[PDB]
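Notes follow the structure.
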Amino acid sequence: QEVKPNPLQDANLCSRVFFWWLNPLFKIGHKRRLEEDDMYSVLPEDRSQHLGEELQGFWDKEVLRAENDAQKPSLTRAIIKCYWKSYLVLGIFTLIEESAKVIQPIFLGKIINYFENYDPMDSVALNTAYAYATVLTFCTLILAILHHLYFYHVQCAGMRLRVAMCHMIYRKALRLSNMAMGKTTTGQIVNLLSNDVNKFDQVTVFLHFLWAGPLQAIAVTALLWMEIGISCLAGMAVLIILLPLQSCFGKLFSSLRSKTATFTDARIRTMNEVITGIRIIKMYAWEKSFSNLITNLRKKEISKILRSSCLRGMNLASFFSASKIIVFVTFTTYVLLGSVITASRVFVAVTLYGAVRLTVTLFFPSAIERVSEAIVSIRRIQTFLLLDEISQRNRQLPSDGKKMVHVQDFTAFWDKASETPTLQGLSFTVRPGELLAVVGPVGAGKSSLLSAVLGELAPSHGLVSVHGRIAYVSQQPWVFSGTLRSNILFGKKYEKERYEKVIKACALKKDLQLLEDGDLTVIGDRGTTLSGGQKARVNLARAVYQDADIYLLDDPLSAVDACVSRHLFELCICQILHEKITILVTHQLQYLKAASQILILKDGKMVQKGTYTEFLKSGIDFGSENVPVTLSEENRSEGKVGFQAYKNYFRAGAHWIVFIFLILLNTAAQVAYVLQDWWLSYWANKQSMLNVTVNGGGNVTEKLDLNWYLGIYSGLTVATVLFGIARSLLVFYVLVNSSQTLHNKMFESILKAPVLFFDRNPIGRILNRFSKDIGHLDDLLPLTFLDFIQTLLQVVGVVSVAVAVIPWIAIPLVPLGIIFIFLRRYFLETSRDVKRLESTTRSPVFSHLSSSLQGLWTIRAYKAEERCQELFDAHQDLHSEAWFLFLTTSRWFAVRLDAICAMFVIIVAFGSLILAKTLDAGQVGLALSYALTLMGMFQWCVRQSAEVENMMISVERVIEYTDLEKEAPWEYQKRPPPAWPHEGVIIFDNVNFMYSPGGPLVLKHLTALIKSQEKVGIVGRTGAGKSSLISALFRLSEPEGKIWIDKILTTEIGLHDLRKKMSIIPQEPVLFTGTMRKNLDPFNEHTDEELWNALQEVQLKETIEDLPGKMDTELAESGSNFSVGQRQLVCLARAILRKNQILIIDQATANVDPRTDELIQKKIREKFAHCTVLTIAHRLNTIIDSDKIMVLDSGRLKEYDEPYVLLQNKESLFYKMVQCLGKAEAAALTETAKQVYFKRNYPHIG
Ligand SMILES: Nc1ncnc2c1ncn2[C@@H]1O[C@H](COP(=O)(O)OP(=O)(O)OP(=O)(O)O)[C@@H](O)[C@H]1O
Ligand SMILES: Nc1ncnc2c1ncn2[C@@H]1O[C@H](COP(=O)(O)OP(=O)(O)OP(=O)(O)O)[C@@H](O)[C@H]1O
Ligand SMILES: [Mg+2]
Ligand SMILES: [Mg+2]
């Protein structure tokens, strides 16, 4: 699958300058659409691993020199020391080009001097005119040929720098410790890799012009001084009064960029709690809660960028304002001093200014802004690089060949600001062949003991020793993108004789046989495709298949069915891991009979540590075609999209009256700019005629109205300046408003998407369009729209000025125009698909980064950092190839445009003499300079239009999401009564649920009756449909059959109205980043009294009050500070505070100790004893006292009756399941069920 080599490496200079190696690519793109197998590979020196590892050495040398100097490090010094060698050589080309751009007007003015004094006698004049023509061609060739190659090399260097910085940021994020994890979130890294690197490839382009500005300005001032006297110093004064203002604007630009960045960080941080928990938001109708925050943050960000956009508009208006400013300046003095201008002074002035402005007034403020943004970018990258790194594992001592884990007197602190430690007095050891059992209450430190073995917890007192590889199993399963086989292997080689044994031991055979593809089906991100019980066993199978030496199982039997839990514990831990080192932690009091070492931890204090018989003897107790991968690329059909997107983009900004006032002001500014030069030429001609008539017998002396002329010129100039300023401000404001409206519409439409979209499209595919695709509309879109509208206006003005001349020069404008149109049409048909492929290849970078930033724990546990870095480098090169191809195509188009313009100039200069041998200056003279200005404006306008089309097809990616077909509306026309549900009777009648249209069936003929105020329990093997039934009830996807709730069909009411009447406890734990008050209730409607009452009921306030800011503690990403027990308690508190009629418990006692479990069960039974509670759990000790228990097997309901009736039948699946888990527990459960049945049936004798 190796892509063909890039023909650039096998090309000479003659084909590299003109980009001749792009003919087959364009010929292929013109016929069919481009694919990923048609993009050329990057050079061997432009790889990600070759640049990142090269810059890392320089960064390490710089930080070592800073540590030796005992000062603060800096990234700019290392960047310079690394990228100055391959960049100082490019300065000589700019130095010679800026000199040629000043030399060219000299010859342009000298060649016209011959036509001004045309004589048919002397041939030396013709000889020197031809020599001037030859040197003019010599200068224009080097000015218009190598400039695009220099731009291409600069863009390549910028892309290399961006790739190196991205690799460095990724390598830094792959080593962040737990302390640094609480200061930064995923949104920060997303922003740093999306927008903070988009300025490096742009700031390295304009610094040359930045430092060459004054050098060319002084040169052109000294050149003008040769003809103009002391009066020319006013122009230098204007320059030295304008440039310091542009330099001082850098501080304001830096402050505005810093504010934009610190706000965009918080704006992007609120993405995981919106997307990854879309089911939790839909099950609680909290979409408006997140919309009240995200749109407000976007409005604040827009208000902050308003000042930056106003400054950019002011600079872009000053760009074309300073030209006429400098025209008026020194001319107000040369006219008032008595001297006059007829043709020569004004002509040389305009011909010099036309070349000076394009650099000085354009690239200087742009370069200032680019440097101001790059400073903030480098500062943020350095701040991210100076975070607290993870404690690297020290060099282990040479052992005697054996492996063991020894911990003696361990003491560490999770948070240095806290007063109490997490662990106290740890002294134990594990040998190969033993079984350690950790038991304790909630929030005691059971998982901290396992985390300390890995190396994530810095030991504050003591020493640890780890000999051998570790296979860690996190409490929360982590499944990345890919098939189940790739998830089990995880870099290991496929071995059927061991894979089948691992599948049989983990009881995954039924799961692989019930699916449609077995172990070859794809799995979405975050394991949204599979269930919790399936991922909990997939992770264990992956850990077992690795064949490691240390197995740190962090409660893998918490979300697994009780019937298969015994089989798993018997055929995966006591048989496979019997010879290895393992530390199993759990809450069940039946698996500890086979363990030889039990550590009863309590609040991080080692109370007891012995065997299982020592606790019973002493008397102490401890219980008190093949489903392609993730819906590959589907963005196609980019066949010259029409005005359908342009109309929407123009209407989302302002009203039609504002849209027409915009073009009115644009044409007014253009006609004023034209009339300025028109009046200047008229005054010059009038002064020439006056000098002629006063030299040829000037009997009368009638001087022109000096005051009137000066006043009208100043008025025209001021009007033009004000019109330009106003139109720039209006355009920028309209474009900012349009971008904000488009972003708001996209955000409002995304929330209304079905649950299938979120788990069929990867996180990266919908995250890269919320930071880069929508962030470009604030950084590149208006700067490209206004730089093209003004260019088109200037082209129209130049054409209207030139049409007033003999059409002998305007006739050949039609073939040139149609050739340019054909070239633009041929180049866009390729550039569109090239940009599409660039976006499609940049998407997987973020798609993999989002999964890596969540699975870094398992990554460090398995030591797959090399594989992760290789995958990241491959994903980055996949996009760098398309970026290089886009840059090469743009440079080839520019080279072709410049070549055609030079050919047209040569033609109009050569083929005109045969007919103008007699036609002198005034009618043939200065026409060459006219044509040069015309071709320059054309070359600028074509590139501007190409860039605008590129930006339009880029924003088309956002515009496409305007429809985003949805499910049933929020509220239908028929509304339920305000007292509904009054009873809560749910009736099913042949209901079927399918996660995808045409997919495998889950619920097959499910019929059950649920009375009012009847506690119904649901049990059965995992992955059977226990959650599918809840999903069909909550209407996450359109089900079959009919579902009646209090004589009301679910398919005839509003989705939000149905979801707001049923509370639910989520199966997986998830918390929102923010304050505890907002996490408990974001609407801010609950009183503190009832909040504390609910906290006391949940039994969490006792430890909540320990923190100083009980209601102000800001949580980390996904609740990194809180544990699984704390997350479950917060979810229970939220469900209690909901206080609705219908309550559905899915998974509430997964990782809960038996004591607090029974406590909260009794509390719930006392509180909600007057409503219908649909509780679901694996442990029967909390549901054996229910009214009826459902038995879901393979989707179909096998039996549904009373628990005692099920126990009285030795053939029932419920009895066959409860027969396991020992004998005493089963007997106690049967006795409790019999007592409950007696008390319910015969109270007269019970
Ligand atoms: N990043 C963190 N910063 C500060 N404290 C933390 C962090 N992570 C966990 N904790 C603390 O550790 C405690 C939980 O410890 P640990 O994870 O070792 O046991 P556990 O597995 O949660 O116990 P159980 O399984 O009974 O819930 C929590 O009370 C929490 O306050
Ligand atoms: N988006 C999806 N695409 C394909 N299949 C899916 C999707 N969502 C769920 N499934 C399948 O539907 C089944 C539903 O299982 P369910 O979630 O009811 O298990 P569970 O009862 O939650 O397990 P446990 O009781 O251990 O938590 C899963 O086995 C899964 O394979
Ligand atoms: Mg735990
Ligand atoms: Mg479930």
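By the numbers in Swiss-Prot, the shown part of chain A spans 6-629, 680-1301.
The header says electron microscopy, 3.5 Å.
Keep in mind that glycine also has a Cβ here, set from the backbone N, Cα and C atoms.
What Swiss-Prot records for this protein:
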DOMAIN    92-377  domain 'ABC transmembrane type-1 1'
TRANSMEM  93-113  transmembrane segment
TRANSMEM  136-156  transmembrane segment
TRANSMEM  228-248  transmembrane segment
TRANSMEM  328-348  transmembrane segment
TRANSMEM  351-371  transmembrane segment
TRANSMEM  440-460  transmembrane segment
BINDING   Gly445, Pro446, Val447, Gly448, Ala449, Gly450, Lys451, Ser452  ATP 1 binding site
TRANSMEM  710-730  transmembrane segment
TRANSMEM  836-856  transmembrane segment
TRANSMEM  858-878  transmembrane segment
TRANSMEM  954-974  transmembrane segment
TRANSMEM  977-997  transmembrane segment
TRANSMEM  1038-1058  transmembrane segment
BINDING   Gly1075, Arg1076, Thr1077, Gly1078, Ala1079, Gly1080, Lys1081, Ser1082  ATP 2 binding site
Quick one: find which recorded stretch in 93-113, 328-348, 440-460, 858-878 has the most Cβ pairs under 8 Å with the transmembrane segment (977-997).
858-878
Are any of the binding-site residues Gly445, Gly1075, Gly1080, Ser1082 near ligand 3, with a Cβ under 6 Å from it, and if so which?
none
One stretch in 93-113, 228-248, 351-371, 440-460, 710-730 has more Cβ pairs under 8 Å to the transmembrane segment (836-856) than the rest, namely 710-730
Is any of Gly448, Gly450, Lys451, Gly1075, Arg1076 (binding-site residues) within Cβ reach of ligand 1, i.e. under 6 A, and which?
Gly448, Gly450, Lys451
Looking at the binding-site residues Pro446, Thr1077, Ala1079, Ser1082, which have a C-beta within less than 6 Å of some atom in ligand 4?
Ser1082
Need one number: the Cα separation in whole Å between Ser629 and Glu680 across the 50 missing residues.
55
To the nearest whole angstrom, state the Cα distance for the pair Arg1076 (ATP 2 binding site) and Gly448 (ATP 1 binding site).
29
ATP 2 site, defined by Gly1075, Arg1076, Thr1077, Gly1078, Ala1079, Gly1080, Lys1081, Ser1082: further same-chain residues with Cβ within 8 Å of the Cβ centre:
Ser536, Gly538, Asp566, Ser1083, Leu1247
Around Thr1077 (ATP 2 binding site), which residues of its chain at least 6 apart sit with Cβ under 8 Å of its Cβ?
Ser536, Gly537, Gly538, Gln539, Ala564, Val565, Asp566, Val569
Cα of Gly1078 (ATP 2 binding site) to Cα of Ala449 (ATP 1 binding site), in Å and rounded, measures 31
Given the binding-site residues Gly445, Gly448, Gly1075, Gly1078, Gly1080, the candidate whose Cβ has the fewest other Cβ atoms within 10 Å is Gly448
Hits among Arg1076, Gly1078, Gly1080, i.e. binding-site residues with CB under 6 Å from ligand 2, come out as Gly1078, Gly1080
According to DSSP, does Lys1081 (ATP 2 binding site) fall in a helix, a strand, or coil?
helix
Hey, for the ATP 1 site built from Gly445, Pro446, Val447, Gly448, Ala449, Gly450, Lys451, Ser452, who else sits with CB inside 8 A of the CB center?
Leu606, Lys607, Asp608, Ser1178, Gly1180, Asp1208
